[PDB]
């Protein structure tokens, strides 16, 4: 039912690209949200940052450049940052773990992270959380 995490990519799409979209690009789809590649997740975090100003100053240099992030360790570090900032802004432990994400595992938890990202960027810019995480 409505509590199960099955197909919660539908809630992701409604949270980020519903009636009042957080961002327009990239277009979210069931395909991408069921098996989320790192580059797509980088696109979505970047798109939220660009559309709302969320987490100002969190990233710079190669972290800003999706094609520059190729190493598993770098991917994990990038995700760890935004997950901590979202968690701090909301005061909730995000269930998504960076190593699971990078491996393509628990995609329903990756979707919870994305939904939480959506909720956090509408709560505030997270500027102080960023300075705390850094």
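Residue numbers count along the first chain shown, from 1.
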Self-check item: Of 55 to 63 and 97 to 105, the one with larger mean CA B-factor
Solution: 55 to 63
Quiz item: If you average the CA temperature factors over each stretch, which comes out higher, 32 to 40 or 70 to 78?
Solution: 70 to 78
Quiz prompt | residue 10 - which third its CA temperature factor falls in, relative to the rest of the chain | solution = middle
Exercise. Within this chain's modelled residues, let me know which third the CA B factor of residue 19 belongs to: lowest, middle or highest.
Key: highest
Quiz item: C-alpha B factor of residue 45, ranked within the chain: lowest, middle or highest third?
Solution: lowest
Exercise. State the tercile, meaning the lowest, middle or highest third, of residue 126 with respect to the CA B-factors recorded for its chain.
Key: middle
